[PDB]
>>> print(open('final-v5.pdb').read())   # PDB, N, CA and C atoms
ATOM      1  N   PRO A   1      48.449  72.292 153.564  1.00  0.00           N
ATOM      2  CA  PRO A   1      47.505  72.862 154.531  1.00  0.00           C
ATOM      3  C   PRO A   1      46.197  73.294 153.877  1.00  0.00           C
ATOM      4  N   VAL A   2      45.241  73.719 154.700  1.00  0.00           N
ATOM      5  CA  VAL A   2      43.945  74.162 154.201  1.00  0.00           C
ATOM      6  C   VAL A   2      43.181  73.010 153.558  1.00  0.00           C
ATOM      7  N   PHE A   3      43.646  71.789 153.803  1.00  0.00           N
ATOM      8  CA  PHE A   3      43.006  70.601 153.248  1.00  0.00           C
ATOM      9  C   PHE A   3      42.069  69.962 154.267  1.00  0.00           C
ATOM     10  N   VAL A   4      42.361  70.175 155.547  1.00  0.00           N
ATOM     11  CA  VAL A   4      41.546  69.620 156.620  1.00  0.00           C
ATOM     12  C   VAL A   4      40.460  70.601 157.048  1.00  0.00           C
ATOM     13  N   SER A   5      40.813  71.882 157.096  1.00  0.00           N
ATOM     14  CA  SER A   5      39.870  72.920 157.494  1.00  0.00           C
ATOM     15  C   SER A   5      38.740  73.047 156.476  1.00  0.00           C
ATOM     16  N   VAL A   6      39.046  72.736 155.220  1.00  0.00           N
ATOM     17  CA  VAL A   6      38.058  72.814 154.151  1.00  0.00           C
ATOM     18  C   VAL A   6      37.170  71.574 154.132  1.00  0.00           C
ATOM     19  N   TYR A   7      37.687  70.475 154.671  1.00  0.00           N
ATOM     20  CA  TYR A   7      36.942  69.223 154.714  1.00  0.00           C
ATOM     21  C   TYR A   7      36.154  69.102 156.014  1.00  0.00           C
ATOM     22  N   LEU A   8      36.628  69.783 157.052  1.00  0.00           N
ATOM     23  CA  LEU A   8      35.969  69.755 158.353  1.00  0.00           C
ATOM     24  C   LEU A   8      34.985  70.912 158.489  1.00  0.00           C
ATOM     25  N   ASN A   9      35.013  71.823 157.523  1.00  0.00           N
ATOM     26  CA  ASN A   9      34.122  72.978 157.535  1.00  0.00           C
ATOM     27  C   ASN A   9      32.833  72.678 156.778  1.00  0.00           C
ATOM     28  N   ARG A  10      32.973  72.218 155.539  1.00  0.00           N
ATOM     29  CA  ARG A  10      31.819  71.892 154.710  1.00  0.00           C
ATOM     30  C   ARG A  10      31.077  70.678 155.261  1.00  0.00           C
ATOM     31  N   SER A  11      31.786  69.857 156.030  1.00  0.00           N
ATOM     32  CA  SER A  11      31.197  68.659 156.615  1.00  0.00           C
ATOM     33  C   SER A  11      30.282  69.018 157.783  1.00  0.00           C
ATOM     34  N   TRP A  12      30.494  70.200 158.349  1.00  0.00           N
ATOM     35  CA  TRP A  12      29.689  70.664 159.474  1.00  0.00           C
ATOM     36  C   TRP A  12      28.227  70.820 159.069  1.00  0.00           C
ATOM     37  N   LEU A  13      28.003  71.298 157.850  1.00  0.00           N
ATOM     38  CA  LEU A  13      26.649  71.493 157.342  1.00  0.00           C
ATOM     39  C   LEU A  13      26.340  70.506 156.221  1.00  0.00           C
ATOM     40  N   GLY A  14      27.364  69.786 155.773  1.00  0.00           N
ATOM     41  CA  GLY A  14      27.180  68.816 154.711  1.00  0.00           C
ATOM     42  C   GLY A  14      26.581  67.516 155.210  1.00  0.00           C
ATOM     43  N   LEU A  15      26.774  67.232 156.494  1.00  0.00           N
ATOM     44  CA  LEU A  15      26.249  66.011 157.094  1.00  0.00           C
ATOM     45  C   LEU A  15      25.823  66.254 158.539  1.00  0.00           C
ATOM     46  N   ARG A  16      25.227  67.415 158.787  1.00  0.00           N
ATOM     47  CA  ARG A  16      24.770  67.769 160.126  1.00  0.00           C
ATOM     48  C   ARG A  16      25.890  67.589 161.147  1.00  0.00           C
ATOM     49  N   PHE A  17      27.109  67.935 160.748  1.00  0.00           N
ATOM     50  CA  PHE A  17      28.265  67.810 161.627  1.00  0.00           C
ATOM     51  C   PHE A  17      28.545  66.345 161.953  1.00  0.00           C
ATOM     52  N   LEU A  18      28.356  65.479 160.963  1.00  0.00           N
ATOM     53  CA  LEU A  18      28.588  64.051 161.143  1.00  0.00           C
ATOM     54  C   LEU A  18      29.781  63.584 160.314  1.00  0.00           C
ATOM     55  N   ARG A  19      29.967  64.204 159.155  1.00  0.00           N
ATOM     56  CA  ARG A  19      31.071  63.853 158.269  1.00  0.00           C
ATOM     57  C   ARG A  19      32.393  64.392 158.808  1.00  0.00           C
ATOM     58  N   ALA A  20      32.309  65.425 159.639  1.00  0.00           N
ATOM     59  CA  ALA A  20      33.498  66.032 160.225  1.00  0.00           C
ATOM     60  C   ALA A  20      33.705  65.559 161.660  1.00  0.00           C
ATOM     61  N   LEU A  21      32.609  65.421 162.396  1.00  0.00           N
ATOM     62  CA  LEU A  21      32.670  64.978 163.785  1.00  0.00           C
ATOM     63  C   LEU A  21      33.313  63.599 163.887  1.00  0.00           C
ATOM     64  N   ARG A  22      33.338  62.878 162.771  1.00  0.00           N
ATOM     65  CA  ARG A  22      33.926  61.544 162.735  1.00  0.00           C
ATOM     66  C   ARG A  22      35.391  61.607 162.312  1.00  0.00           C
ATOM     67  N   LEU A  23      35.817  62.775 161.845  1.00  0.00           N
ATOM     68  CA  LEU A  23      37.195  62.967 161.408  1.00  0.00           C
ATOM     69  C   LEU A  23      37.980  63.788 162.425  1.00  0.00           C
ATOM     70  N   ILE A  24      37.262  64.550 163.244  1.00  0.00           N
ATOM     71  CA  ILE A  24      37.891  65.380 164.264  1.00  0.00           C
ATOM     72  C   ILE A  24      37.919  64.668 165.611  1.00  0.00           C
ATOM     73  N   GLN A  25      37.111  63.620 165.738  1.00  0.00           N
ATOM     74  CA  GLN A  25      37.044  62.852 166.976  1.00  0.00           C
ATOM     75  C   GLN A  25      37.743  61.506 166.820  1.00  0.00           C
ATOM     76  N   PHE A  26      38.019  61.129 165.576  1.00  0.00           N
ATOM     77  CA  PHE A  26      38.683  59.862 165.291  1.00  0.00           C
ATOM     78  C   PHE A  26      40.158  59.923 165.675  1.00  0.00           C
ATOM     79  N   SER A  27      40.772  61.082 165.461  1.00  0.00           N
ATOM     80  CA  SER A  27      42.183  61.271 165.782  1.00  0.00           C
ATOM     81  C   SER A  27      42.428  61.103 167.278  1.00  0.00           C
ATOM     82  N   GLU A  28      41.479  61.574 168.083  1.00  0.00           N
ATOM     83  CA  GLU A  28      41.593  61.476 169.533  1.00  0.00           C
ATOM     84  C   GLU A  28      42.871  62.148 170.026  1.00  0.00           C
TER      85      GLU A  28
END
>>> encode(input="final-v5.pdb", output="structure tokens")
Amino acid sequence: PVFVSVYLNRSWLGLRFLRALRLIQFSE
């Protein structure tokens, strides 16, 4: 655990919410 929240958190500002928005919306 704490492996997705850390990757979906830094991605929010790491890629203007693009690096995470593609990982949180891909699962559907």
>>> select_by_dssp(input="final-v5.pdb", residues="chain A", states="helix (DSSP H, G or I)", output="list in words")
residues 5, 6, 7, 8, 9, 10, 11, 12, 13, 14, 21, 22, 23 and 24 of chain A
>>> residues_around(input="final-v5.pdb", residues="range 7-11 of chain A", least_positions_apart="4", cutoff="8 Å", atoms="all atoms listed in the file", output="PyMOL selection string")
chain A and resi 2-3+15-21+23-24
>>> atom_distance(input="final-v5.pdb", atom1="atom N of residue 14 in chain A", atom2="CA of residue 1 in chain A")
20.4 Å
>>> atom_distance(input="final-v5.pdb", atom1="atom N of residue 22 in chain A", atom2="atom N of residue 5 in chain A")
13.0 Å
>>> atom_distance(input="final-v5.pdb", atom1="CA of residue 13 in chain A", atom2="atom C of residue 28 in chain A")
22.6 Å
>>> build_atoms(input="final-v5.pdb", residues="range 9-25 of chain A", atoms="N, CA, C and O atoms", output="CSV table (one decimal), in the coordinates of the input")
chain,number,residue,atom,x,y,z
A,9,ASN,N,35.0,71.8,157.5
A,9,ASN,CA,34.1,73.0,157.5
A,9,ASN,C,32.8,72.7,156.8
A,9,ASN,O,31.7,72.9,157.3
A,10,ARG,N,33.0,72.2,155.5
A,10,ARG,CA,31.8,71.9,154.7
A,10,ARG,C,31.1,70.7,155.3
A,10,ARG,O,29.9,70.5,155.0
A,11,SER,N,31.8,69.9,156.0
A,11,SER,CA,31.2,68.7,156.6
A,11,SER,C,30.3,69.0,157.8
A,11,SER,O,29.4,68.2,158.2
A,12,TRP,N,30.5,70.2,158.3
A,12,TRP,CA,29.7,70.7,159.5
A,12,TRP,C,28.2,70.8,159.1
A,12,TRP,O,27.3,70.5,159.8
A,13,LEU,N,28.0,71.3,157.8
A,13,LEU,CA,26.6,71.5,157.3
A,13,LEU,C,26.3,70.5,156.2
A,13,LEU,O,25.2,70.4,155.8
A,14,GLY,N,27.4,69.8,155.8
A,14,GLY,CA,27.2,68.8,154.7
A,14,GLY,C,26.6,67.5,155.2
A,14,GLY,O,26.0,66.8,154.4
A,15,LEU,N,26.8,67.2,156.5
A,15,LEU,CA,26.2,66.0,157.1
A,15,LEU,C,25.8,66.3,158.5
A,15,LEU,O,26.0,65.4,159.4
A,16,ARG,N,25.2,67.4,158.8
A,16,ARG,CA,24.8,67.8,160.1
A,16,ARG,C,25.9,67.6,161.1
A,16,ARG,O,25.7,67.1,162.3
A,17,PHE,N,27.1,67.9,160.7
A,17,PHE,CA,28.3,67.8,161.6
A,17,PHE,C,28.5,66.3,162.0
A,17,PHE,O,28.9,66.0,163.1
A,18,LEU,N,28.4,65.5,161.0
A,18,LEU,CA,28.6,64.1,161.1
A,18,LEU,C,29.8,63.6,160.3
A,18,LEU,O,30.5,62.7,160.7
A,19,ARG,N,30.0,64.2,159.2
A,19,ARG,CA,31.1,63.9,158.3
A,19,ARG,C,32.4,64.4,158.8
A,19,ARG,O,33.5,63.9,158.5
A,20,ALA,N,32.3,65.4,159.6
A,20,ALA,CA,33.5,66.0,160.2
A,20,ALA,C,33.7,65.6,161.7
A,20,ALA,O,34.8,65.3,162.1
A,21,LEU,N,32.6,65.4,162.4
A,21,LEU,CA,32.7,65.0,163.8
A,21,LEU,C,33.3,63.6,163.9
A,21,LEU,O,33.8,63.2,165.0
A,22,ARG,N,33.3,62.9,162.8
A,22,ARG,CA,33.9,61.5,162.7
A,22,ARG,C,35.4,61.6,162.3
A,22,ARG,O,36.1,60.6,162.4
A,23,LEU,N,35.8,62.8,161.8
A,23,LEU,CA,37.2,63.0,161.4
A,23,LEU,C,38.0,63.8,162.4
A,23,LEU,O,39.2,63.7,162.5
A,24,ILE,N,37.3,64.6,163.2
A,24,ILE,CA,37.9,65.4,164.3
A,24,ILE,C,37.9,64.7,165.6
A,24,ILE,O,38.7,65.1,166.5
A,25,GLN,N,37.1,63.6,165.7
A,25,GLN,CA,37.0,62.9,167.0
A,25,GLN,C,37.7,61.5,166.8
A,25,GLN,O,38.0,60.8,167.8
